[PDB]
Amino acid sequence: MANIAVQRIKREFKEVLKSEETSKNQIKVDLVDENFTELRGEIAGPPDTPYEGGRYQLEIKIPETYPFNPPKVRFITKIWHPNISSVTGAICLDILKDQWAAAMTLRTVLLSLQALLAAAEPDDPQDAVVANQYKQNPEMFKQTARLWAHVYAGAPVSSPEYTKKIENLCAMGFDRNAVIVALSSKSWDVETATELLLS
């Protein structure tokens, strides 16, 4: 890469390694290749959110044009959130689009992502179904999010009512993730979820 991009990355990488945040075990970034084109980030779910206790892996791609363009970031670890795709991990956050500023860093992006988990913006949604549930049924959203955090991100807490609906469907021979997706999408309505699974 261009010298400007290389120096920025190394420098940013050492900002994270030495930050208060890694020591507190909340943000983290690792190398994938030796070119610095791809990085793997990790963020801890923020406290007092349904994501609490969870750890989320992030795919980070540095463009040839860094730092005048933002890094491309996607969630590897599945998450139930209005601004992130429950299927692809795609993010809707302004700094990753037209609000990138050259002064921003890897640390600031990670911290910003953590902040988004704590504060969703459902009127600028990435995943419409999730955003609706968020607005229509907040407790349902909390629980669903906590369930995904548990299933995918290792978050500790569990919901017994949702777990047994998951097994009842998996009993029919349905793929488990498919089941979780269906139940979450359909507001835990077994009949409606089932119809989706059959379709």
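Residue positions are given as counts along the sequence shown, with the first one as 1.
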- Comparing 53-61 with 135-143, the one whose average Cα B-factor in the PDB entry is higher: 135-143
- Item | Comparing 8-16 with 21-29, the one whose average Cα B-factor in the PDB entry is higher | 21-29
- Item | Selection from 44, 39, 157, 130 [criterion: highest C-alpha temperature factor in the record] | 157
- Third of the chain's Cα B-factor distribution that residue 121 belongs to, per the entry: highest
- When the modelled residues of the chain are sorted by Cα temperature factor, does residue 68 land in the lowest, middle or highest third? lowest
